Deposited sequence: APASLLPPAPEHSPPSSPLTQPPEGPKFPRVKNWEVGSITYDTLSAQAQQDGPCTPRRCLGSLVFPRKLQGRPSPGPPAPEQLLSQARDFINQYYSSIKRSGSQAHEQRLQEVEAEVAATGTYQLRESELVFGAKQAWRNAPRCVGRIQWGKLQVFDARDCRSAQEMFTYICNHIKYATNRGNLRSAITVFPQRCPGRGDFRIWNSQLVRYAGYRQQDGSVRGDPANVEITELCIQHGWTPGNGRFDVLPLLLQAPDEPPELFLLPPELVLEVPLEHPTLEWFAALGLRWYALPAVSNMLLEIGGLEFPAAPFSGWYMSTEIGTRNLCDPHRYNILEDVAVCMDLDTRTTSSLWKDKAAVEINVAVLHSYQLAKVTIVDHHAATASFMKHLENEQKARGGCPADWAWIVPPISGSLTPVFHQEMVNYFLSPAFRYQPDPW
């Protein structure tokens, strides 16, 4: 098993959990592809994954080898024999979603993994009911700014019927209007979904923070457009505690990060629509979403406004402006009473998570490049922590866009 060192403390662990990694990553002894954004790209195989999952379930409740464990294994085996697939028990779906979060190598927020509200929407039958489920998710999770982690699980993939899909990458996203100059007004990460919304009859705005409609896909159905009720979309105007002109930038962000395009895989079953939400780490907004050159790209405007020497790199004008933007985000969310965590607190809690998981399971799949925050990397403890990246199931997986 790989030896894993913390270089801040000298402490040494061994990741015995990685030996159990089923699905393969992109690395080989010849070359490491750890930095790649996309690393990854029927009866007996399903049973192997199902059996393994049921084993995980009954371990988590300290009833391994029990009568109930054996009977449930036999029950899954019989259903897979009769139908080629099976249904999770409610309890299993809840456990499976929590495990999928727990297994997500790129999530720094996994200290929370046991605190997850699971909405079972597996009886959903239309895009309209999907919209209702989504609105209930948003209302619950937002909780008027006291954010609560939740996942809504729509029906699993099954042969002979199309998937449920939420086309939007997140439930709340700002329009990106591909301006004609090749530029973008709004969020450039959302130019494609924005144009698909327009294609499907949405009347666009012209702002930088226009909330997109939902394109909800029921099985074998073109996507259907649904407008989120404004009262359900909590937003935070950005201001800075000491730079009063900052508020005149007219920047905003939304309260609720609710990822809606990943596939949830539990015991070999696949849920292509299972949006999940937590709360933001402030660097996601302050550093990536606002300061990435290919996103809102506000770094230079702020630095110029702060009167920084932007003609020379060595003045660290980029670093100084980014810090103040991150300050504005944290200050603004706290002022709005919307849950948010800074990258220092998040990474400190992740270190506690790693320690819990070493005790609980003998390791923790972690993607160092994604866990270390995009600013102040070595100022956080995770920078100094060696990490082992591997794929466990249940899992949140990337999947092709449905168009």
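Coordinate coverage of the deposited sequence is interrupted at 1-27, 69-78, where no C-alpha atom was modelled.
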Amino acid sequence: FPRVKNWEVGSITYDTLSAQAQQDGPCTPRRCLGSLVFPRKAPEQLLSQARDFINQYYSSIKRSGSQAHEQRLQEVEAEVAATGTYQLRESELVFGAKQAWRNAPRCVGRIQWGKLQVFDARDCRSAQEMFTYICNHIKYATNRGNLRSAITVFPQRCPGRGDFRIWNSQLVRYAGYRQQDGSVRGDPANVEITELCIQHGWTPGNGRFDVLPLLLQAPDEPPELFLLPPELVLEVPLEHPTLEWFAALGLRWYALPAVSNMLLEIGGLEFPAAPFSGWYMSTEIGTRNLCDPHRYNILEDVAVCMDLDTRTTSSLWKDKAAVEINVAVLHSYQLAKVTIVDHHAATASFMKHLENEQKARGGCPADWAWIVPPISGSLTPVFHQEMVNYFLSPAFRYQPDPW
From here on, numbers count along this sequence of modelled residues.
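Only the largest set of C-alpha atoms that superpose within 1.5 Å between the two forms is called the rigid core.
Farther on average from this form in 8 other deposited structures of this protein lies stretch 178-186, the comparison being between 305-313 and 178-186 by RMS Cα distance after core superposition. Between 262-270 and 75-83, the larger root mean square Cα shift in 8 other deposited structures of this protein, once each structure is superposed on the rigid core, falls on 75-83. Not even a third of the other compared entries skip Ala346; each one keeps it along with the residues on either side. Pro39 is a gap in at least a third of the other entries compared, counting only those with both neighbours built. Of the two segments, 356-364 and 373-381, the one listed with the higher mean B-factor is 356-364 (C-alpha atoms only). Remark: stretch with higher mean C-alpha B factor among 76-84 and 322-330 is 76-84. Taking only the listed residues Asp307, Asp292, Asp163, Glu265, the entry reports the highest CA temperature factor at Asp307. In this structure the maximum Cα B-factor among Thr142, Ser91, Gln156, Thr242 is found at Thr242. When the CA B factors of the chain's modelled residues are split into thirds, the value for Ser11 lands in the highest one. Placement of the Cα temperature factor of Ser64 within the chain: highest third of the modelled residues, per the deposited record. Per the PDB record, residue ranking by Cα B-factor puts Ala247 in the highest third of the chain. Per the deposited record, the Cα B-factor of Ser282 falls in the lowest third when ranked against the other modelled residues of its chain. Residue-level temperature factors show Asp123 in the middle third of its chain, judged at the C-alpha atom.
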